[PDB]
Amino acid sequence: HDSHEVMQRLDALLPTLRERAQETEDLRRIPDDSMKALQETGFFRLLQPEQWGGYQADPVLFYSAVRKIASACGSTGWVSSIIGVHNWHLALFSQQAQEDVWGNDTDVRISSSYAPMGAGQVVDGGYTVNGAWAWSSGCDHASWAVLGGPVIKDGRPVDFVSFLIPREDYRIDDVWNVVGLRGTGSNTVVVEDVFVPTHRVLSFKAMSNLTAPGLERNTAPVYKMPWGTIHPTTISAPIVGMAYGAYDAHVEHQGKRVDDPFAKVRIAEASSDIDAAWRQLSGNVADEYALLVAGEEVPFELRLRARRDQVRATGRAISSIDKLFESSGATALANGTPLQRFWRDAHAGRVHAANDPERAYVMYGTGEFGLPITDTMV
Amino acid sequence: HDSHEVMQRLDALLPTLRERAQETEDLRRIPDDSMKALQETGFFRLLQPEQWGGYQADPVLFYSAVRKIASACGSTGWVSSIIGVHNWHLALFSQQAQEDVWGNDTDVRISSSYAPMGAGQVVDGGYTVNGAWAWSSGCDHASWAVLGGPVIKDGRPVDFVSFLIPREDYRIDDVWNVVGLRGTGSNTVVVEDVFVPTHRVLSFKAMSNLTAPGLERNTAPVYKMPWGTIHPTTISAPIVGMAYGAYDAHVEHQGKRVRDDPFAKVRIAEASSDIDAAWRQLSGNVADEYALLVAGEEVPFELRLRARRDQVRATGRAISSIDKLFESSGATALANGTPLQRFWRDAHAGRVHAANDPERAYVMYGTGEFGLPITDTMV
Amino acid sequence: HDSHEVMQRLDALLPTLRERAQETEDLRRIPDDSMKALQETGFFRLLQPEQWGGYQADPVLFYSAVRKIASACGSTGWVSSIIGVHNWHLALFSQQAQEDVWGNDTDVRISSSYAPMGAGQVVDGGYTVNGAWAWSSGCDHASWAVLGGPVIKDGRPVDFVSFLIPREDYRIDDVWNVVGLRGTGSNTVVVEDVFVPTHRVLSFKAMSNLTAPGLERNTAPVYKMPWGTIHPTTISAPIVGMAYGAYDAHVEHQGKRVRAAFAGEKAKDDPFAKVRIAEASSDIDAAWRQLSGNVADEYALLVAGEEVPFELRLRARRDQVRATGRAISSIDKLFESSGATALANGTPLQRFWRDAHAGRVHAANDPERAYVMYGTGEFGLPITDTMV
Amino acid sequence: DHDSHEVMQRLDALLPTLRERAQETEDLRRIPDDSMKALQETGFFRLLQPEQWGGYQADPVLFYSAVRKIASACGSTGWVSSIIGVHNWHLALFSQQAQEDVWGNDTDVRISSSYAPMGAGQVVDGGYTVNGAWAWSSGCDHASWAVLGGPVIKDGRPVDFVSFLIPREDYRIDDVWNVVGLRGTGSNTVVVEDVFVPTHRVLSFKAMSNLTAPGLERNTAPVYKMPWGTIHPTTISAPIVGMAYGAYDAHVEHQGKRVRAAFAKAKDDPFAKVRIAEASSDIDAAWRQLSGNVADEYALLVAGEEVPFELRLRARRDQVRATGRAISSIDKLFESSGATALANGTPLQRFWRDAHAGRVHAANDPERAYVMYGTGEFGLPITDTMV
């Protein structure tokens, strides 16, 4: 994938992203000029359908792009992954929803908050939505949001969906005050008595049934990938990328500085484990995609292995960054320097629901025993 | 130890230290109020000689006090431990040096920087000292510094000593800009062509030979404790304390949330057990050394080796436990201004101290087990 | 505690135990002469009541003795611990049951199997017991067994008790065929349609309620210790002792190698081998400090006429399963470091390694069981697990 | 795919028998004759043998995949298979005349080894005088030649490190194998006393690493240009990875039955499930890196390109680590299984002992590889030849 025009353009941009990393942290928001430059590489177009001028790319290319960006700036990589994957999600909505978003401008971005921090009440022609959806990474750089929650009919939940809402109908509250991923501006999308029409709503069950309405026109194999791989991989990929960036920064600084065999061992351990994380994370995605391209269903056993290795990829990345940070010692404490930033950033990314390791591990083991699984994050 | 008057007074202070932990980080040094409150508890007097109004206390009492303070505020616990132990170090200097410092005011504090970031050239009546000694925790709150470095004679190092220098003779550079232990104000003490008289310089070899001049008047057994246990334990005790604080904060917060996740329960079992193990060994080795001294017996080298082995490991267990708790807590723990992420950053910052390097102690311990020569003096 | 007469006599015996370790494995049984020598030290009397000529000792002394024995021979240490603790358990049974066992010979030994592998049906005068109780360590060396199981009444289980049964009423089946603790002879006690009188049955609930009938005459504070600490610590202490033995064997062998090595040899300056030794010794010591520490704290409270608080019983279980874990992790580090030399059959370190991993399987070593319970306690949620 | 290769299909048919006979193999303290004959029949030993001798001169990933498969059924048989099989690669680098000495009448002849220096050869006219007692020669009872590692002695000093190729008529095998794991490997001692070894039967490891080994003239297949530093240590890690796959399958089979038969501990034990997740993921990571590094090296050679030193360093890094991941994973499964797993004669405790025995091999020492890798990352000089 390194030869792809998008990858080559991203390569040219990395020094800019590194130089801006502290400013990004300080301002608690990705700089507009970084997002513009990322847009210009074609990055956001990677998972966007061909009908909207997108690449509808091999998903490994997308995650490889994310890994690269995150290796320069953890917050920019995190935002890039999440915002970029929403272009995949929107491909599954109705054609009319896609036209609402992209009909005049195919570079329009969408942010998200998928945890149920609000709900939609059934009304004529759609839903009345209320909520305060926290943790919307990069939400200032989007003009729509996809927001997860139950549909309420006659007082009971009857579906679990994403509501697509334009920014004219919501307020962003600046609350992002955290120890890591400070640059992500993961602020809160506040929705008050908002009408959302039916065509702008997509059930996660329709997605997993392979009946999402977007599939009729967006026929590319990438859109048949399971959400339980696509979304959690978008969360792990940037953390793996952070580990690459941390590794390179550490070895560069230490190389110059260098009879300590222990520092060498930590470097060996970290580099091996980062590589293992990437091999599994990208490998499971490649295997799923190969089956789809061959017209096959992705076997449930593969979806389970994907989740198993994906949470573990995050853990390997964090363990590896921890080793390097610890080994670096006093010099790494200095504010403004890359290694301590990757460290705080990776630990912040770790909190995402999709990174909880026992959730995935317990499910995987349940499958190995042929016992029923009700968890939908797969 | 919990019933000691100093410990009871420190208990009364903890809520305040907790409340003020963020403002302490933001100030990048300990607030004046906190140092004054700590002083008024008698804490700094714990290891100070009785001749100066001190308690010359059981060293376990001192480290228990540090553990308690650090459980409320990591930066304050770190500074308290380091500044407090300098009162023990000064007890070993000449009577005249102790008089210079405490002769008019027995509450005077001393900061340090023991890494060789400067040196003293031999001259008539003393030394000419030059250096820029970084990482002097709490230096803004002291009016003297003890500074480690070689004595230079005929262009060769001939001793390794601490130079005791009053604040009138040095400049403090505000450079403290770090990810953790932010409130410690571990600034840089800059010394330029300063005369230090002979009586204000103490060799670490005299100390380890049990010939420090201060022993003649300060006869309490605590002053015969080995530096290789006293100094490194100073650096581990606050980190263990941070882990106790991190644990209490996490269980309080989580308990409320919980009132079926067996994994969160397992992490708290692992963390509480490992913190307790760290404290049992750290305090146990100190207690064992001290018991021998109280009995008029020598501290055997094997015990000094065990102390170093377990002390670096105590720091490791404390950090590993904090990591577990912080991980387990998840999203709620990222918020700026909340205790758990602060303890996490603070513990990882304390980890960088030379006396916490674990392989250094482990390799020495192993060398000892094989009956091979040891030249490392940090023991 | 090493000035105690029992400890001094055990010290004198250790070389014999070490020399016999391979034979003990090969025969799958503790040698009769080892059990006799152990008896002659006074070891089995340590937790036995004063009325029967016993020491009714500080429990830390008992576990210290166990630690010592197990450091010489893992199987002998394992058997010694479990058989020794049965003398504590019997102190809680009725006076009449103790008289049945010790009335003519206060050196009689009892084996056990506390997992429910049989049951007792209520009948006039007691119970009809049926079972096949596996894993009865050292059962050949005992003339009674205490066997854990439910009482059946109206064809429902109504209590969980130990049935005290003499050897004339059971058969031992030799089935012990395992990868470690081979010497323990942990065979199966088979009980067929046997009458067990009321006075020879003791409920664990009665024990926990401090209403066990033996407490009336056996008033020493050690008998008020909680089973949830006493029995699991009897399982961890020998594994900790195995770790001490493994450590000493490793350092003795390696020390000779390194001192005999030449200037440029790997063995002369291997910092990694040194680090593994530091890690192992520290973690073994931590295991012992907590395991013995929690026992000491419980006992001190009892000596002071106080109850043992539940929070302490929870900490005891937490640290006890962890002590087993620390001991095994440490042996693993040493065995791995030793490398090719350690593979040789008949040598001590690989034996301690297999032995510790075998001891690990005991129900009382399952770490998540204790950890989850401890965490439940910290959250102020209800606990129903009785192994505490 | 490798799984469709004729040798792999034939090995598949043999696995149940190898599993069944694992205990009798340990008890015999060497591989049974039947097993070696069956393995020979599959074509397995021919995998890395040159085509001029009827061999497959195969993609080395195919060879290590075969080893993984065999080792998943029987740790000792997989260990011997890997080692004996790789000697057919090593012999391909010796002179044509040496290969002719070994295979000129019977191309099924096997060679054992002991590469650690446990002997030496003194320079004499026409060759060397060799003396040694080379321990740990896995499967030596099943070979009629040995390749023995040691220095060459010239004017009383060691001038080169070579392998001496010696026929069985010239050495004695001492039955000494008495160990806690890999019991079935029969890793006995090859004793050599005042033996003449001609020049054409001696191969310098430096000649190999310089790409000047004489066997390369006729044996031109790209597999023979692979670096020894990857080839030999991978032969030591691959069977341990296979043992972990076998341990995993045995454990999940046994446990799955238990759990599905359980009623309202085995019914809902999330910890057992986590150990399964951890072990499976780490075993997979081990194999991906171990096989991936070999694949990347081989792809370069197939393309007529050089294998960069950086890749050789990564290979050693991941290879020692693969052994560690395999052992850690087996440990997890054995611990989780608990009491049931202690029974003698059952598979999981055997894989556990076997993996811990394989761990002692020089090529598995992990700090050795890790320190070397770190030295390379700093751009500092490396003198270690195991790369």
Side-chain angles (χ1 to χ4, degrees), chain A residues 17 20-21 23-32 34-36 38-39 43-44 46-47 62-63 65-67 69-90 108-118 131-148 162 164-165 167 170-191 227 230-242 314 341-342 344-356, chain B residues 330-332 334-336:
Chain A
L17 306 182
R20 288 183 178 161
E23 185 161 325
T24 296
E25 275 210 275
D26 287 343
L27 297 172
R28 305 177 299 108
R29 197 178 59 249
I30 310 301
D32 295 345
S34 289
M35 298 294 287
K36 181 183 163 76
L38 287 163
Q39 175 180 308
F43 172 78
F44 293 112
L46 281 173
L47 297 182
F62 179 76
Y63 299 120
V66 169
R67 183 189 64 168
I69 300 166
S71 77
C73 174
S75 286
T76 302
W78 183 263
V79 170
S80 291
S81 196
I82 293 159
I83 302 303
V85 89
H86 305 147
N87 294 348
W88 180 96
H89 195 187
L90 190 58
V108 164
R109 290 177 282 275
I110 302 104
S111 69
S112 72
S113 181
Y114 292 122
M117 294 184 267
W133 272 274
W135 314 84
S136 191
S137 303
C139 58
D140 190 54
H141 290 295
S143 56
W144 290 80
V146 288
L147 303 170
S162 297
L164 170 67
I165 308 191
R167 188 156 169 186
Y170 59 78
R171 186 179 79 246
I172 293 173
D173 281 357
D174 179 12
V175 298
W176 193 238
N177 188 19
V178 294
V179 66
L181 288 174
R182 288 178 189 161
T184 66
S186 297
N187 287 130
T188 296
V189 172
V190 181
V191 180
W227 183 238
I230 292 287
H231 174 55
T233 300
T234 249
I235 297 309
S236 292
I239 300 171
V240 175
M242 290 176 221
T314 292
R341 194 186 299 110
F342 284 123
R344 290 180 289 102
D345 287 349
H347 282 277
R350 171 59 179 85
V351 313
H352 194 285
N355 279 146
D356 184 281
Chain B
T332 189
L334 305 185
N336 289 340

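These numbers come from the heavy atoms of this one structure, side chains and all, not from hydrogens, waters or symmetry mates. The chains referred to below are lettered A, B, ... by the order of the sequence lines, with proteins before strands, and numbering in each begins at 1.
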J.: Taking the basic N atoms (NZ, or NE/NH1/NH2) and the acidic carboxylate oxygens, is any pair closer than 4.0 Å for A:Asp26 and A:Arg20?
T.: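 Answer for the salt bridge query: no.
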
J.: Once you round to the nearest 0.5 Å, how far does CG of A:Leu181 lie from CH2 of A:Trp176?
T.: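 Reported value, rounded in 0.5 Å steps: 6.5 Å.
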
J.: At what distance, to the nearest 0.5 angstrom, does CZ of A:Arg28 lie from OG of A:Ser75?
T.: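 Interatomic distance, A:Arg28 CZ to A:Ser75 OG, rounded to 0.5 Å: 11.5 Å.
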
J.: Indicate yes or no for a side-chain donor-acceptor contact from A:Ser186 to the backbone of A:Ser136 under 3.5 Å, with no hydrogens or angles considered.
T.: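 The answer is no, because no donor-acceptor pair under 3.5 Å joins these two groups.
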
J.: Which of these, A:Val79, A:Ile83, A:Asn87, sits in a side-chain contact (heavy atoms from CB on, under 4.5 Å) with A:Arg109?
T.: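 Per the side-chain contact (heavy atoms from CB on, under 4.5 Å) rule, the option paired with A:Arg109 is A:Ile83, out of A:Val79, A:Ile83, A:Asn87.
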
J.: Under 4.5 Å between any side-chain heavy atoms of A:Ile239 and A:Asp345, yes or no?
T.: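 No. Closest side-chain heavy atoms not under 4.5 Å.
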
J.: Over 60° means perpendicular and under 30° means parallel, so tell me whether A:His89 and A:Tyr114 are parallel, tilted or perpendicular.
T.: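 Tilted.
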
J.: Give a yes or no answer on whether the side chain of A:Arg344 reaches the backbone of A:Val179 with a donor-acceptor pair at less than 3.5 Å.
T.: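 Yes; judged by distance alone, with no hydrogens or angles, the pair exists.
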
J.: Mind telling me whether A:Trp227 and A:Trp88 have parallel, tilted or perpendicular rings, with 30° and 60° as the class edges?
T.: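 Parallel.
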
J.: In Å and rounded to the nearest 0.5 Å, what is the CD1 to OH distance from A:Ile230 to A:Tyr63?
T.: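 If we round to the nearest 0.5 Å, A:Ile230:CD1 and A:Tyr63:OH are 3.5 Å apart.
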
J.: Strictly by modelled atom types, are A:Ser81 and A:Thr234 linked by a side-chain donor-acceptor pair under 3.5 Å?
T.: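 There is such a pair (donor and acceptor under 3.5 Å, judged by atom type) between the side chains of A:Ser81 and A:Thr234.
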
J.: Rounded to the nearest 0.5 Å, what separation is found between the CD1 atom of A:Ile165 and the CH2 atom of A:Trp144?
T.: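 Atom-to-atom, A:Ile165:CD1 and A:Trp144:CH2 are 9.5 Å apart.
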
J.: Could you tell me the separation between the CZ atom of A:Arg167 and the CG atom of A:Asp140, rounded to the nearest 0.5 Å?
T.: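 CG of A:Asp140 is found 4.5 Å from CZ of A:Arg167.
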
J.: For a quick test of reading the model, state the closest non-hydrogen atom pair linking A:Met242 to A:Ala346 and the distance between them.
T.: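 Looking at all heavy atoms of both residues, the closest pair is SD-N, 3.7 Å.
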
J.: How long is the span from the CG atom in A:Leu17 to the OG1 atom in A:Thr76, to the nearest 0.5 Å?
T.: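 Between atom CG of A:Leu17 and atom OG1 of A:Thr76 there are 5.5 Å.
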
J.: Let me see the working for A:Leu90 and A:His86 under side-chain contact (heavy atoms from CB on, under 4.5 Å), right down to the final yes or no.
T.: CA-CA 6 Å; A:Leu90 190 58; A:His86 305 147; over 6 Å; no

J.: So, the side chain of A:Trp78 versus the backbone of A:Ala70: is there a donor-acceptor pair under 3.5 Å, distance only?
T.: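 Side chain of A:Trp78 to backbone of A:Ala70: no pair is present.
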
J.: Just so I know, are the side chains of A:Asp173 and A:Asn187 near enough to count as touching, which here means a heavy-atom distance under 4.5 Å?
T.: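 The answer is no; the side chains never approach within 4.5 Å.
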
J.: Would A:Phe44 and A:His141 count as a close aromatic pair, with their ring centres under 6.0 Å?
T.: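 No, the ring centres sit 6.0 Å or more apart.
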
